Amino acid sequence: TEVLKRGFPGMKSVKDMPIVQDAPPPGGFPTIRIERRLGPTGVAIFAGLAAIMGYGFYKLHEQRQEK
Amino acid sequence: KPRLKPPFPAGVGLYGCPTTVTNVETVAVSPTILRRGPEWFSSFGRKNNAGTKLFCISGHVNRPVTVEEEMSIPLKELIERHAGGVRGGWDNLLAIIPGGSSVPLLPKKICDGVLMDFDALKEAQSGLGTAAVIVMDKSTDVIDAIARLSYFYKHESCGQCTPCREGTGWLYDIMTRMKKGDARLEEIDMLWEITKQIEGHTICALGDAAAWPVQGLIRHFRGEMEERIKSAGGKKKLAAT
Ligand code: SF4
């Protein structure tokens, strides 16, 4: 039965039936990341904000004098 | 088309009347046994195997003959003398069926030493059968011989019961494929399993008569069959590649 299906001419035994399935390639698939993979200094942020605000204050004073 | 036992022919036979069926040879010797004495008849043979027997010797025998001889005589003595020995010499012998066609055959090892007796061939997993000698030499295809015997049995089966009727052709085709080598190793065990299936499961013993020769063939020459099976690959697998 299965000899008529998978067998080949001159097949000597049933143990010689080849099997071709969806199989992993030799050596297995490469590794994959699994776990979770993950800023600015608050002092620097505050310094920049303070500098910008102070420039705005200086502009405000200058424009107030002009007005 | 045979009946089943029970009932027996003596209890119910022809036309429902008591009847005993006998062989020609058994009937013929009776007046001589009666005239010459059961004591004289018992003077020959071993225990429970007394008397003489007519022997038909055929095959590859220098002098084939139908001769009368004392029971329990060795095959080698019975064949070398009164039959001229094996064609090509005793060493050219391959196998011999000592009891016709329904009994298992014997190789050269078993044959050399065993006697022609009911209680000697039986223990050799064979049978005296009809005490008919068939002789095969080394140039003979034993597989072809057994296949032809199976074909004969297939043509001779009456087909009344299922197992024999349906398995004679199966056995013949198995043997025919074996002859060309178009078979596999496990299919030999499959054949033996089928022989076990038929044996002792039918209405009459003709199933046993067909199953037995292949059984002994396998048991004594499985090397030849496997060699043939592999050898077909040298003439069938060359085109498969
Ligand atoms: S064994 Fe075969 S020949 Fe004998 S009765 Fe059954 S079918 Fe007929």
# chains A, B, ... in the order shown; residues from 1 in each chain; ligands from 1

$ interface_residues --of "chain A" --to "chain B" --cutoff "12 Å" --atoms "only C-alpha atoms" --output "PDB file with N, CA, C and O atoms, in the first residue's frame"
ATOM      1  N   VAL A   3       3.908   1.179   0.108  1.00  0.00           N
ATOM      2  CA  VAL A   3       4.983   0.871  -0.831  1.00  0.00           C
ATOM      3  C   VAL A   3       4.659   1.431  -2.207  1.00  0.00           C
ATOM      4  O   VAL A   3       5.526   1.993  -2.886  1.00  0.00           O
ATOM      5  N   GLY A   7       7.340   4.116  -2.202  1.00  0.00           N
ATOM      6  CA  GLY A   7       8.383   3.249  -2.704  1.00  0.00           C
ATOM      7  C   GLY A   7       8.873   3.666  -4.076  1.00  0.00           C
ATOM      8  O   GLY A   7       8.205   4.377  -4.827  1.00  0.00           O
ATOM      9  N   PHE A   8      10.072   3.206  -4.398  1.00  0.00           N
ATOM     10  CA  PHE A   8      10.732   3.466  -5.664  1.00  0.00           C
ATOM     11  C   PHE A   8      11.113   2.144  -6.315  1.00  0.00           C
ATOM     12  O   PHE A   8      11.217   1.117  -5.633  1.00  0.00           O
ATOM     13  N   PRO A   9      11.299   2.124  -7.636  1.00  0.00           N
ATOM     14  CA  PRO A   9      11.687   0.871  -8.298  1.00  0.00           C
ATOM     15  C   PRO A   9      12.970   0.309  -7.705  1.00  0.00           C
ATOM     16  O   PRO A   9      13.925   1.037  -7.433  1.00  0.00           O
ATOM     17  N   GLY A  10      12.976  -1.005  -7.496  1.00  0.00           N
ATOM     18  CA  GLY A  10      14.111  -1.662  -6.891  1.00  0.00           C
ATOM     19  C   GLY A  10      14.247  -1.472  -5.398  1.00  0.00           C
ATOM     20  O   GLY A  10      15.309  -1.784  -4.848  1.00  0.00           O
ATOM     21  N   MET A  11      13.216  -0.971  -4.721  1.00  0.00           N
ATOM     22  CA  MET A  11      13.286  -0.811  -3.275  1.00  0.00           C
ATOM     23  C   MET A  11      13.392  -2.176  -2.605  1.00  0.00           C
ATOM     24  O   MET A  11      12.577  -3.069  -2.855  1.00  0.00           O
ATOM     25  N   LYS A  12      14.399  -2.333  -1.747  1.00  0.00           N
ATOM     26  CA  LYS A  12      14.686  -3.622  -1.130  1.00  0.00           C
ATOM     27  C   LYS A  12      13.920  -3.841   0.170  1.00  0.00           C
ATOM     28  O   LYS A  12      13.572  -4.981   0.492  1.00  0.00           O
ATOM     29  N   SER A  13      13.654  -2.779   0.925  1.00  0.00           N
ATOM     30  CA  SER A  13      12.946  -2.905   2.189  1.00  0.00           C
ATOM     31  C   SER A  13      12.082  -1.676   2.420  1.00  0.00           C
ATOM     32  O   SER A  13      12.271  -0.626   1.799  1.00  0.00           O
ATOM     33  N   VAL A  14      11.123  -1.823   3.336  1.00  0.00           N
ATOM     34  CA  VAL A  14      10.212  -0.734   3.662  1.00  0.00           C
ATOM     35  C   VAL A  14      10.904   0.360   4.468  1.00  0.00           C
ATOM     36  O   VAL A  14      10.486   1.523   4.416  1.00  0.00           O
ATOM     37  N   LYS A  15      11.967   0.023   5.201  1.00  0.00           N
ATOM     38  CA  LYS A  15      12.696   1.010   5.991  1.00  0.00           C
ATOM     39  C   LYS A  15      13.398   2.053   5.131  1.00  0.00           C
ATOM     40  O   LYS A  15      13.833   3.078   5.665  1.00  0.00           O
ATOM     41  N   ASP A  16      13.518   1.820   3.828  1.00  0.00           N
ATOM     42  CA  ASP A  16      14.229   2.717   2.931  1.00  0.00           C
ATOM     43  C   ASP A  16      13.330   3.785   2.324  1.00  0.00           C
ATOM     44  O   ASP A  16      13.785   4.540   1.460  1.00  0.00           O
TER      45      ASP A  16
END

$ residues_near_ligand --ligand "ligand 1" --cutoff "6 Å" --atoms "only C-alpha atoms and all ligand atoms" --output "ChimeraX atom specification"
/B:157-161,164-165,202-207

$ select_by_dssp --residues "range 107-214 of chain B" --states "alpha helix (DSSP H)" --output "count of residues only"
65

$ residues_around --residues "residue 214 in chain B" --least-positions-apart "2" --cutoff "9 Å" --atoms "only C-alpha atoms" --output "NGL selection string"
:B and (104 or 146-147 or 150 or 171 or 175 or 191-192 or 195 or 210-212 or 216-219)

$ write_last_selection --atoms "N, CA and C atoms" --output "PDB file, in the first residue's frame"
ATOM      1  N   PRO B 104       6.365 -31.129   3.596  1.00  0.00           N
ATOM      2  CA  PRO B 104       7.547 -30.263   3.498  1.00  0.00           C
ATOM      3  C   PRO B 104       8.745 -31.005   2.925  1.00  0.00           C
ATOM      4  N   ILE B 146       8.621 -24.641  -6.373  1.00  0.00           N
ATOM      5  CA  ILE B 146       7.565 -24.413  -5.391  1.00  0.00           C
ATOM      6  C   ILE B 146       6.465 -23.536  -5.976  1.00  0.00           C
ATOM      7  N   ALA B 147       6.826 -22.564  -6.819  1.00  0.00           N
ATOM      8  CA  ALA B 147       5.815 -21.724  -7.451  1.00  0.00           C
ATOM      9  C   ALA B 147       4.929 -22.537  -8.385  1.00  0.00           C
ATOM     10  N   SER B 150       2.560 -24.444  -6.299  1.00  0.00           N
ATOM     11  CA  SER B 150       1.499 -23.561  -5.829  1.00  0.00           C
ATOM     12  C   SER B 150       0.484 -23.279  -6.930  1.00  0.00           C
ATOM     13  N   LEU B 171      -1.175 -16.730  -2.847  1.00  0.00           N
ATOM     14  CA  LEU B 171       0.089 -17.442  -2.698  1.00  0.00           C
ATOM     15  C   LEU B 171       0.810 -17.559  -4.031  1.00  0.00           C
ATOM     16  N   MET B 175       4.482 -15.984  -4.804  1.00  0.00           N
ATOM     17  CA  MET B 175       5.593 -16.805  -5.274  1.00  0.00           C
ATOM     18  C   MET B 175       6.107 -16.325  -6.626  1.00  0.00           C
ATOM     19  N   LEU B 191       4.393 -13.683   3.919  1.00  0.00           N
ATOM     20  CA  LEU B 191       4.003 -14.946   3.304  1.00  0.00           C
ATOM     21  C   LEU B 191       3.844 -16.038   4.352  1.00  0.00           C
ATOM     22  N   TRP B 192       4.779 -16.110   5.300  1.00  0.00           N
ATOM     23  CA  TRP B 192       4.666 -17.107   6.363  1.00  0.00           C
ATOM     24  C   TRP B 192       3.423 -16.865   7.210  1.00  0.00           C
ATOM     25  N   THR B 195       0.492 -18.163   5.305  1.00  0.00           N
ATOM     26  CA  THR B 195       0.451 -19.618   5.401  1.00  0.00           C
ATOM     27  C   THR B 195      -0.128 -20.058   6.738  1.00  0.00           C
ATOM     28  N   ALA B 210      -1.509 -27.044   0.447  1.00  0.00           N
ATOM     29  CA  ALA B 210      -0.920 -25.937  -0.299  1.00  0.00           C
ATOM     30  C   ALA B 210       0.025 -25.102   0.556  1.00  0.00           C
ATOM     31  N   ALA B 211      -0.269 -24.950   1.850  1.00  0.00           N
ATOM     32  CA  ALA B 211       0.532 -24.079   2.702  1.00  0.00           C
ATOM     33  C   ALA B 211       1.857 -24.718   3.096  1.00  0.00           C
ATOM     34  N   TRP B 212       1.868 -26.034   3.308  1.00  0.00           N
ATOM     35  CA  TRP B 212       3.063 -26.696   3.827  1.00  0.00           C
ATOM     36  C   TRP B 212       4.293 -26.554   2.933  1.00  0.00           C
ATOM     37  N   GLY B 216       8.089 -25.055   4.353  1.00  0.00           N
ATOM     38  CA  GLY B 216       9.392 -25.697   4.373  1.00  0.00           C
ATOM     39  C   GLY B 216      10.379 -25.033   3.433  1.00  0.00           C
ATOM     40  N   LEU B 217       9.897 -24.571   2.276  1.00  0.00           N
ATOM     41  CA  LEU B 217      10.748 -23.828   1.356  1.00  0.00           C
ATOM     42  C   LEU B 217      11.398 -22.644   2.057  1.00  0.00           C
ATOM     43  N   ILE B 218      10.593 -21.824   2.732  1.00  0.00           N
ATOM     44  CA  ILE B 218      11.130 -20.675   3.451  1.00  0.00           C
ATOM     45  C   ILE B 218      12.079 -21.137   4.547  1.00  0.00           C
ATOM     46  N   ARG B 219      11.644 -22.124   5.337  1.00  0.00           N
ATOM     47  CA  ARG B 219      12.392 -22.527   6.523  1.00  0.00           C
ATOM     48  C   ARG B 219      13.771 -23.070   6.167  1.00  0.00           C
TER      49      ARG B 219
END

$ residues_around --residues "residue 135 in chain B" --least-positions-apart "5" --cutoff "9 Å" --atoms "only C-alpha atoms" --output "PDB file with N, CA, C and O atoms, in the first residue's frame"
ATOM      1  N   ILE B  57      10.101 -43.057  -7.210  1.00  0.00           N
ATOM      2  CA  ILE B  57      11.262 -42.176  -7.175  1.00  0.00           C
ATOM      3  C   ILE B  57      11.358 -41.467  -8.519  1.00  0.00           C
ATOM      4  O   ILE B  57      11.400 -42.115  -9.571  1.00  0.00           O
ATOM      5  N   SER B  58      11.390 -40.136  -8.479  1.00  0.00           N
ATOM      6  CA  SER B  58      11.456 -39.319  -9.680  1.00  0.00           C
ATOM      7  C   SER B  58      12.362 -38.126  -9.414  1.00  0.00           C
ATOM      8  O   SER B  58      12.992 -38.018  -8.358  1.00  0.00           O
ATOM      9  N   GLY B  59      12.421 -37.222 -10.386  1.00  0.00           N
ATOM     10  CA  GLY B  59      13.274 -36.057 -10.284  1.00  0.00           C
ATOM     11  C   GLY B  59      14.540 -36.201 -11.101  1.00  0.00           C
ATOM     12  O   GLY B  59      14.511 -36.726 -12.217  1.00  0.00           O
ATOM     13  N   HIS B  60      15.660 -35.735 -10.554  1.00  0.00           N
ATOM     14  CA  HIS B  60      16.958 -35.854 -11.221  1.00  0.00           C
ATOM     15  C   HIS B  60      17.673 -37.103 -10.708  1.00  0.00           C
ATOM     16  O   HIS B  60      18.755 -37.059 -10.119  1.00  0.00           O
ATOM     17  N   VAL B  61      17.030 -38.242 -10.952  1.00  0.00           N
ATOM     18  CA  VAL B  61      17.495 -39.546 -10.502  1.00  0.00           C
ATOM     19  C   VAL B  61      18.003 -40.320 -11.709  1.00  0.00           C
ATOM     20  O   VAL B  61      17.375 -40.305 -12.773  1.00  0.00           O
ATOM     21  N   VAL B  86      22.001 -40.022  -7.388  1.00  0.00           N
ATOM     22  CA  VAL B  86      21.638 -38.707  -7.902  1.00  0.00           C
ATOM     23  C   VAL B  86      22.360 -38.458  -9.216  1.00  0.00           C
ATOM     24  O   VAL B  86      23.542 -38.789  -9.367  1.00  0.00           O
ATOM     25  N   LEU B  93      23.058 -33.186  -5.105  1.00  0.00           N
ATOM     26  CA  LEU B  93      21.709 -33.090  -4.567  1.00  0.00           C
ATOM     27  C   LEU B  93      21.495 -31.740  -3.892  1.00  0.00           C
ATOM     28  O   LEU B  93      22.385 -31.216  -3.217  1.00  0.00           O
ATOM     29  N   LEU B  94      20.304 -31.175  -4.084  1.00  0.00           N
ATOM     30  CA  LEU B  94      19.920 -29.928  -3.437  1.00  0.00           C
ATOM     31  C   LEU B  94      18.801 -30.131  -2.423  1.00  0.00           C
ATOM     32  O   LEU B  94      18.959 -29.783  -1.250  1.00  0.00           O
ATOM     33  N   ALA B  95      17.673 -30.700  -2.843  1.00  0.00           N
ATOM     34  CA  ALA B  95      16.554 -30.931  -1.939  1.00  0.00           C
ATOM     35  C   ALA B  95      15.704 -32.065  -2.492  1.00  0.00           C
ATOM     36  O   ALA B  95      15.762 -32.385  -3.682  1.00  0.00           O
ATOM     37  N   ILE B  96      14.909 -32.665  -1.608  1.00  0.00           N
ATOM     38  CA  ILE B  96      14.064 -33.804  -1.956  1.00  0.00           C
ATOM     39  C   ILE B  96      12.764 -33.709  -1.168  1.00  0.00           C
ATOM     40  O   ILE B  96      12.785 -33.477   0.045  1.00  0.00           O
ATOM     41  N   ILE B  97      11.640 -33.887  -1.855  1.00  0.00           N
ATOM     42  CA  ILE B  97      10.341 -34.051  -1.212  1.00  0.00           C
ATOM     43  C   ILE B  97      10.078 -35.551  -1.101  1.00  0.00           C
ATOM     44  O   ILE B  97       9.907 -36.215  -2.136  1.00  0.00           O
ATOM     45  N   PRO B  98      10.036 -36.120   0.107  1.00  0.00           N
ATOM     46  CA  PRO B  98       9.936 -37.577   0.242  1.00  0.00           C
ATOM     47  C   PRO B  98       8.521 -38.138   0.239  1.00  0.00           C
ATOM     48  O   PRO B  98       8.370 -39.364   0.171  1.00  0.00           O
TER      49      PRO B  98
END

$ atom_distance --atom1 "CA of residue 117 in chain B" --atom2 "CA of residue 34 in chain B"
23.1 Å

$ atom_distance --atom1 "CA of residue 7 in chain B" --atom2 "CA of residue 155 in chain B"
28.2 Å

$ closest_residue --among "B:67, B:149, B:33, B:17" --to "residue 133 in chain B" --atoms "only C-alpha atoms"
B:67
